[PDB]
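S.K.: Let me give you the structure first, and then I'll get to my questions.
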Amino acid sequence: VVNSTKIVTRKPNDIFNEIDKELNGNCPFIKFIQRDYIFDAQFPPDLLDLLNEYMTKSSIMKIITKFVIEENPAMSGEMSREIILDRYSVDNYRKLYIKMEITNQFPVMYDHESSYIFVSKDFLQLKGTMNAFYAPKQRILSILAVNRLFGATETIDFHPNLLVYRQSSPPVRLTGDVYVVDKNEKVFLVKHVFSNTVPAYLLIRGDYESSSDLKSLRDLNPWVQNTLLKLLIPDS
Amino acid sequence: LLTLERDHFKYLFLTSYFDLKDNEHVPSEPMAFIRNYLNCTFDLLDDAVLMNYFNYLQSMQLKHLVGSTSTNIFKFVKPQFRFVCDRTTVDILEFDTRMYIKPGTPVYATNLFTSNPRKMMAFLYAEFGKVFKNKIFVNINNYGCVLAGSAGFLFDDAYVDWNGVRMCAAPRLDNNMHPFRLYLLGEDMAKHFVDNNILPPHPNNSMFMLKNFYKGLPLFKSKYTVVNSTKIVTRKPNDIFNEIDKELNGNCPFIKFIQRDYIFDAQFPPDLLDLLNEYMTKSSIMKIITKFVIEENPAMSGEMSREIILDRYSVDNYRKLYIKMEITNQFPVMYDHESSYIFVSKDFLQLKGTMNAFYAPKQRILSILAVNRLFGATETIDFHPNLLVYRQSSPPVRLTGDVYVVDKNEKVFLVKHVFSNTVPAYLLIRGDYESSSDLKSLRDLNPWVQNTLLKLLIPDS
Amino acid sequence: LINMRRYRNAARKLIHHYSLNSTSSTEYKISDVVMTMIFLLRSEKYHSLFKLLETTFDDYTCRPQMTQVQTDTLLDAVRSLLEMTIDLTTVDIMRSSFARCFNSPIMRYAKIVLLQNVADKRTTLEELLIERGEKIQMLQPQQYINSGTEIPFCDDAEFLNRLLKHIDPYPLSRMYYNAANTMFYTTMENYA
Amino acid sequence: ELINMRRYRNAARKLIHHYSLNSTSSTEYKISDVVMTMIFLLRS
Amino acid sequence: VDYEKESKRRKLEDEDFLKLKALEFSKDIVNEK
Amino acid sequence: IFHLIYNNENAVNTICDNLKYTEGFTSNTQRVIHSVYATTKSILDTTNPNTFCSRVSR
Amino acid sequence: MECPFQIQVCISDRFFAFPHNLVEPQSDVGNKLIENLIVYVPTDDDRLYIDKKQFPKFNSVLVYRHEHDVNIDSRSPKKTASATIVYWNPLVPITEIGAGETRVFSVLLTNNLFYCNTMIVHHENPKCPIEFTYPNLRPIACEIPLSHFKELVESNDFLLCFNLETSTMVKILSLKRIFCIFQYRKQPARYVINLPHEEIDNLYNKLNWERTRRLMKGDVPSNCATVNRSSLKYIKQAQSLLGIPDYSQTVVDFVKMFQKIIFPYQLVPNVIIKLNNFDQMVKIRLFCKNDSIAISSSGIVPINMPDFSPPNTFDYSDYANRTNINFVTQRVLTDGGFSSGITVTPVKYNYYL
């Protein structure tokens, strides 16, 4: 333990603010852990302190990073230290700064556990989706390829108006992977990687044309496919 | 065990803080006590006195002073000064390409000094490996090892900035005898040494030694033949300028204005200030200040074997000294061809952003000293094209000597001119002018005038 | 508390109009005058100007006496407020205008006036003509051109077209209004 | 003190009373007087 | 006394490293295919 | 113009020198020649870099 | 951004050419070396510069263009124990890893590799090229420098060209490789980048950030920096004003010209000040060996002290007042017979006068 501190709250926005501050300062990624038994009893504070020395391999963890990654290294922090936020109780959390060491033990996650990306004010997570968000100022609907969203205190219901039809006298050319969602409505899904190398897809509606051959949606992964089903099929 | 009085703490600081050799003036008690203190025969010394001295340093508020109540501070290699490295690197300059340090990295000056960093490297890197271990790739040279530009250790001189870069030749050469101080990068290294009481194996010694709280400035006793003296207190630069002007006007051909290069290090006790007044640092600041207009006749000549010195020995206290002109008098080392300073008179104003350019309104003249600095300017005027009022003349006004073209379209020229009192400079003129001889390229001009001209001419878009 | 920013804005607009430093013409009201005076009182920076105007509440047919330091402070304050340049002549113009306003009674129709009581002896245009012409004839030509010469007309038709495009969105009506009122107000100041 | 609180009170009382009784100008009160009254109210 | 043999050897290599790369991107004697 | 388009530096230099020693070169002919040469060189400098990039283009 | 410890990254300018010798089979959990090798390259053309015959340790060698697999989170890439995985100059996140440790060689150090745990940085003695912005140049297809390798190591005047649809990361990698080749050139080479000024500025910014990352990882400082276009324009204006032919004077030497002033006059040259300001838009401080003070844009400062002395160090009230300022300004106006363009400012003072 390089350093430690504790906090108490029942307001998720507080935890999200702590995470956002840590990420903004210098943290490339935070290990947010939640103990998988904090709901089993009103544990005495002494018992909580005793348990704090220990961890359960099955507890919950999230590798949370920031959506926008600063290009320059001016924001780089210590290269041999990590930040952990442990929800060791129902309402008490402990922030820990520890030395980056292999011997450190951690809860077992999925072999290819998808990373979490913090939600910024530039967009809002679509209700009923763990990986879909909408940027109003950009008028863009985006679906993370393999990454979860995190920290969203607010969500917006999907609505066709979001997919404002782009007007263009000549069809706007597109490149890379393109998929047809609704030929009648000129709705397409375009593979897009955020310059910080975050894979995702952009759902667009408008006068578009593809440089290459359009591709079947079945090529997409089940994650994006499930999100798309939720977003597209009306919940009659 | 030897002891020492608070009244002798001034002697202790004088001896231990600076690179002073004129130790003959230390009374007997402080002499012996400091001798043992420096040779690190701490077993013969009262540790309580060391704690008292540390508290005295804290009371005087020495900058960067960091420590605890452990005698290991003096008895072992320990971080004694702390400060953050923050270099606004200018890659276009061929700086002294030392090991890179990440901005914001803490840096600690330890009391350890070595005559050969490469030999200490074994032990120091052993400690570094103890601290970090693993297989961390590090930048290691014969003068230290650096981890990710954020941790580790290195050897340098006893005095570095860590905020600026290294450039140009050294006005001082004390490396002849000066061992390299040890510097520690990272709270990790600092804390490790503090807690572990690290100390290299003994072969003080020839190989290395400890100089606790040893800044190492080239201090020396003035040995001045003081004809007269006086002191003043002020924070108003106009007051100092007025004193200088009075001295120059009366009979002084030139004044030696000295400023001590450490007056910002602590709230030095007045007793300590008095003790230091007997001494001077070779690296302190000096300015040879004369008067722009030099009276032609000798009626204004003063004593030919006396000099006037104005020493800013503290932040707010200055001492004016009249001393006999004597070669043996020691002075701070200036540049081999240190340019002289010229006092600014009311006839003109120094141009903002220029150390050698001024404008005379009544004459409507912009002048740039060839090799001389301006001094005393409490006011400055922003450059503006209106200053270069275009001279009207039906026939082009003839010019002689060296002439240079600044703007042919705007009839702007630079004319070499020497003030009758033999002060070289150039006059920037705009108007209907013609040259008797061939016009000359500006590249012929020195870098000093060239820099001033660039500042004055290129608009700061 | 008060909206010192709004107070300041109203004060600035009113001062501009009453100093003839802005061709802009708009409605003004006792609310605006009160804005101005309250801002001046509240501002430590402008206490001197507040005092000057407050003195107008009296007979106001008097020349305030100030030290050079006082005059410089007042001019600096006014110049900082209007961000310009200025003159103690403008100071006196504002004093007279505000005195006339303060002494004026509440009314429904804004009193259109001309400049009056600025800078004792009444002089006619003829006397000014005689005196100024004599002094001018005394003066000598600073510079001159020779006979003939040639008006330097431009030639680049593309340059002319570019300028035309650059000026197209400028309403001739507004430009004419601004220019005419500028000339009129400067003439008014000279006369007063 | 810039404000002559006594004179300011006098003017403020005059106008407020005047207005406390009627609903008009009564043209011997002058914009100044308003200003006088309002400044008094601010200061008090 | 652990000299920076690594740095010295690195510079020595860099001297002819460009020539070695030129050898790599040189021409081949024959076309086996 | 032709000796510029076609890379004939010898002919260009010959013409330049002859114009230097022909007619009132200094008065206005020199400036006219420099203007024409500058225009041609500007066009050629606009074209040639893109042409070379096209040549080596994959 | 997180990286898996299973990847080890080596950064070296030499890696502009693939380091065949450094490749080695990786062992599995059973300590069985894998005879299959998979080499990943940023572009298809790169394959032609991988000689499979230079891998005796392996029995099968395959080469592919690394491509972002949107279906795999880089935070936990899929593992393929059947082959040893090597990435050369990767431009997109590594979504696949080999047996043992997945090896990476790169001349670039992007954020993706920046957080990579194992970072091996090769150090080189700097050797800078020459920026020669100017409308007999030798065109170079930057996308394929190794094709032009002979010319790059022989000639000294290169026109750097790019295909229209070349990607930004491809451009950055090509420029980095070319600059490494110049770093190994004995004779600095002049070059001209046939790209828009803003694009060149962005590329230079990204290269600077990459160099910063390398330094933070422990790379040796290199003076072989680059100049933003605004700074170049300012330098050109200065040279023209001084009457210095641009082709004759190099920017580096132009700046060095004022080192004679830096220390002896204890002043920061205005050229350096302006260059620093340009970089900031995209303060100065320095000293000499054994020097007791530091020269700064603010003036003289005691070593290690802040760039500004305590506020109450000097009292300027005597002249730093409206009365004195106005008096001096009015005197100047009267004496010079001026009516505008005059401005007087009180002179403040840092630590020292």
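If you're wondering about the labels, chains in the structure tokens are A, B, ... by order shown, residues count from 1 in each chain, ligands from 1 in order shown.
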Determine, counting only C-alpha atoms, which protein, DNA and RNA residues have an atom within 12 Å of an atom of residue B:446; residues of the same chain fewer than 3 positions away are not included. Present the result as a PyMOL selection string.
M.R.: (chain B and resi 368-371+425-426+441-443+449-453) or (chain G and resi 242+257-261)
S.K.: Just need the residues of chain F within 7 Å of chain G, counting only C-alpha atoms, so spit them out as an mmCIF file with C-alpha atoms, in the first residue's frame.
M.R.:
data_model
loop_
_atom_site.group_PDB
_atom_site.id
_atom_site.type_symbol
_atom_site.label_atom_id
_atom_site.label_comp_id
_atom_site.auth_asym_id
_atom_site.auth_seq_id
_atom_site.Cartn_x
_atom_site.Cartn_y
_atom_site.Cartn_z
ATOM 1 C CA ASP F 45 7.364 24.755 -58.724
ATOM 2 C CA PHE F 52 7.425 13.635 -58.781
ATOM 3 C CA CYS F 53 5.081 12.385 -56.072
ATOM 4 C CA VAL F 56 6.828 7.538 -57.237
ATOM 5 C CA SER F 57 3.164 7.004 -56.341
ATOM 6 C CA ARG F 58 2.023 3.430 -55.788
#
S.K.: Can you work out the spacing between atom CA of residue B:364 and atom CA of residue G:335 in Å, to one decimal?
M.R.: 8.6 Å
S.K.: Per residue of stretch 97-157 of chain B within 10 Å of stretch 62-76 of chain B, note the shortest atom pair and the distance in Å to one decimal, counting only C-alpha atoms, and order the rows by chain and increasing residue number, as a tab-separated table.
M.R.:
residue	atom	partner	partner_atom	distance
B:108	CA	B:64	CA	9.0
B:109	CA	B:64	CA	9.3
B:110	CA	B:73	CA	9.5
B:111	CA	B:74	CA	8.1
B:112	CA	B:76	CA	8.5
S.K.: Quick one: write out the picked residues with N, CA, C and O atoms as a tab-separated table (two decimals), in the first residue's frame?
M.R.:
chain	number	residue	atom	x	y	z
B	108	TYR	N	16.15	15.31	-4.39
B	108	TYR	CA	16.70	15.52	-3.07
B	108	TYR	C	18.21	15.61	-3.18
B	108	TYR	O	18.84	14.74	-3.77
B	109	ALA	N	18.78	16.66	-2.59
B	109	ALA	CA	20.22	16.80	-2.46
B	109	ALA	C	20.61	16.20	-1.12
B	109	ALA	O	20.14	16.66	-0.07
B	110	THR	N	21.44	15.16	-1.17
B	110	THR	CA	21.94	14.51	0.03
B	110	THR	C	23.32	15.06	0.39
B	110	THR	O	24.02	15.64	-0.44
B	111	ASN	N	23.70	14.86	1.64
B	111	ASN	CA	24.99	15.34	2.13
B	111	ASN	C	26.17	14.57	1.54
B	111	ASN	O	27.31	14.99	1.76
B	112	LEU	N	25.93	13.47	0.85
B	112	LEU	CA	27.04	12.66	0.36
B	112	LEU	C	27.75	13.33	-0.81
B	112	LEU	O	27.11	13.88	-1.71
S.K.: Within 10 Å of stretch 3-8 of chain D, counting only C-alpha atoms, which residues show up once you throw out same-chain ones fewer than 6 positions away? Write them as number ranges by chain, please.
M.R.: C: 41, 51, 54; D: 14, 33, 35-41, 43-44
S.K.: Could you give me the residues within stretch 253-416 of chain B that DSSP places in strand (DSSP E), as a PyMOL selection string?
M.R.: chain B and resi 255-259+279-281+285-291+306-312+317-324+341-343+349-351+357-360+365-369+373-375+379-381+397-399+403-407+412-416
S.K.: Would you compute the distance between atom CA of residue C:72 and atom CA of residue G:333? Give it in Å to one decimal.
M.R.: 15.7 Å
S.K.: Using DSSP secondary structure from the backbone, list all helix (DSSP H, G or I) positions within stretch 105-292 of chain B, as number ranges by chain.
M.R.: B: 117-132, 187-196, 237-250, 270-277
S.K.: Pull the closest atom pair for each residue of stretch 165-256 of chain B that gets at most 10 Å from stretch 312-318 of chain G, along with the distance in Å to one decimal, counting only C-alpha atoms, ordering rows by chain and then ascending residue number, as a Markdown table.
M.R.:
| residue | atom | partner | partner_atom | distance |
| --- | --- | --- | --- | --- |
| B:234 | CA | G:314 | CA | 8.3 |
| B:235 | CA | G:314 | CA | 4.5 |
| B:236 | CA | G:315 | CA | 4.8 |
| B:237 | CA | G:314 | CA | 7.1 |
| B:238 | CA | G:318 | CA | 7.6 |
| B:239 | CA | G:318 | CA | 9.4 |
S.K.: Take the residues that were just selected and, keeping C-alpha atoms, output them as a compact mmCIF listing (two decimals), in the first residue's frame.
M.R.:
# COMPACT_ATOMS: atom_id res chain seq x y z
CA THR B 234 14.80 49.90 1.43
CA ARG B 235 12.68 47.93 -1.02
CA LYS B 236 12.42 50.81 -3.51
CA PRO B 237 14.75 50.41 -6.52
CA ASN B 238 14.58 54.15 -7.14
CA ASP B 239 16.38 54.67 -3.83
S.K.: Chain G residues within 6 Å of chain A, counting only C-alpha atoms: which ones, as JSON, numbers by chain?
M.R.: {"G": [1, 70, 71, 72, 73, 75, 76, 209, 213]}
S.K.: What are the residues of chain D that have an atom within 7 Å of an atom of chain C, counting only C-alpha atoms, as a PDB file with N, CA, C and O atoms, in the first residue's frame?
M.R.:
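Just written: part-v1.pdb:
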ATOM      1  N   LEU D   2     -19.198  61.093   0.999  1.00  0.00           N
ATOM      2  CA  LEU D   2     -19.789  61.734  -0.169  1.00  0.00           C
ATOM      3  C   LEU D   2     -21.232  62.143   0.098  1.00  0.00           C
ATOM      4  O   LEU D   2     -21.672  63.211  -0.343  1.00  0.00           O
ATOM      5  N   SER D  25     -46.372  63.973 -10.916  1.00  0.00           N
ATOM      6  CA  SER D  25     -45.062  64.614 -10.866  1.00  0.00           C
ATOM      7  C   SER D  25     -45.033  65.836  -9.952  1.00  0.00           C
ATOM      8  O   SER D  25     -44.158  65.934  -9.085  1.00  0.00           O
ATOM      9  N   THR D  27     -44.593  69.394 -10.774  1.00  0.00           N
ATOM     10  CA  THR D  27     -43.314  69.773 -11.355  1.00  0.00           C
ATOM     11  C   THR D  27     -42.597  70.912 -10.635  1.00  0.00           C
ATOM     12  O   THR D  27     -42.348  71.976 -11.208  1.00  0.00           O
ATOM     13  N   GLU D  28     -42.225  70.674  -9.377  1.00  0.00           N
ATOM     14  CA  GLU D  28     -41.057  71.322  -8.798  1.00  0.00           C
ATOM     15  C   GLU D  28     -40.052  70.335  -8.239  1.00  0.00           C
ATOM     16  O   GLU D  28     -38.961  70.760  -7.853  1.00  0.00           O
ATOM     17  N   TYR D  29     -40.371  69.049  -8.174  1.00  0.00           N
ATOM     18  CA  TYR D  29     -39.368  68.021  -7.960  1.00  0.00           C
ATOM     19  C   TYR D  29     -38.606  67.776  -9.253  1.00  0.00           C
ATOM     20  O   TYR D  29     -39.151  67.893 -10.353  1.00  0.00           O
ATOM     21  N   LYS D  30     -37.282  67.690  -9.150  1.00  0.00           N
ATOM     22  CA  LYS D  30     -36.463  67.590 -10.385  1.00  0.00           C
ATOM     23  C   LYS D  30     -35.723  66.263 -10.398  1.00  0.00           C
ATOM     24  O   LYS D  30     -35.450  65.752  -9.318  1.00  0.00           O
ATOM     25  N   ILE D  31     -35.397  65.739 -11.576  1.00  0.00           N
ATOM     26  CA  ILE D  31     -34.771  64.394 -11.618  1.00  0.00           C
ATOM     27  C   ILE D  31     -33.789  64.294 -10.460  1.00  0.00           C
ATOM     28  O   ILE D  31     -33.833  63.311  -9.738  1.00  0.00           O
ATOM     29  N   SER D  32     -32.936  65.284 -10.287  1.00  0.00           N
ATOM     30  CA  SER D  32     -32.020  65.276  -9.134  1.00  0.00           C
ATOM     31  C   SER D  32     -32.758  64.732  -7.930  1.00  0.00           C
ATOM     32  O   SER D  32     -32.314  63.754  -7.342  1.00  0.00           O
ATOM     33  N   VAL D  35     -32.997  61.297  -7.895  1.00  0.00           N
ATOM     34  CA  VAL D  35     -31.690  60.725  -7.601  1.00  0.00           C
ATOM     35  C   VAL D  35     -31.382  60.867  -6.122  1.00  0.00           C
ATOM     36  O   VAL D  35     -30.880  59.935  -5.479  1.00  0.00           O
ATOM     37  N   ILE D  39     -30.724  57.609  -3.736  1.00  0.00           N
ATOM     38  CA  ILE D  39     -29.439  57.462  -3.067  1.00  0.00           C
ATOM     39  C   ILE D  39     -29.645  57.381  -1.567  1.00  0.00           C
ATOM     40  O   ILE D  39     -28.987  56.592  -0.875  1.00  0.00           O
TER      41      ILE D  39
END
S.K.: Contacts of residue D:24 at 12 Å or less, counting only C-alpha atoms, minus same-chain residues fewer than 6 places along, as a ChimeraX atom specification?
M.R.: /C:106-108 /D:15-18
S.K.: Tell me, in Å to one decimal, how far atom CA of residue C:86 is from atom CA of residue G:341.
M.R.: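 Atom CA of residue G:341 lies 15.1 Å from atom CA of residue C:86.
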S.K.: Distance cut-off 7 Å, counting only C-alpha atoms - which residues of chain G neighbour chain E? Return them as number ranges by chain.
M.R.: G: 124-125, 150, 184
S.K.: Only residues of chain E matter here; which ones have an atom within 8 Å of chain B, counting only C-alpha atoms? Give them as a list in words.
M.R.: residues 1, 2, 3 and 4 of chain E
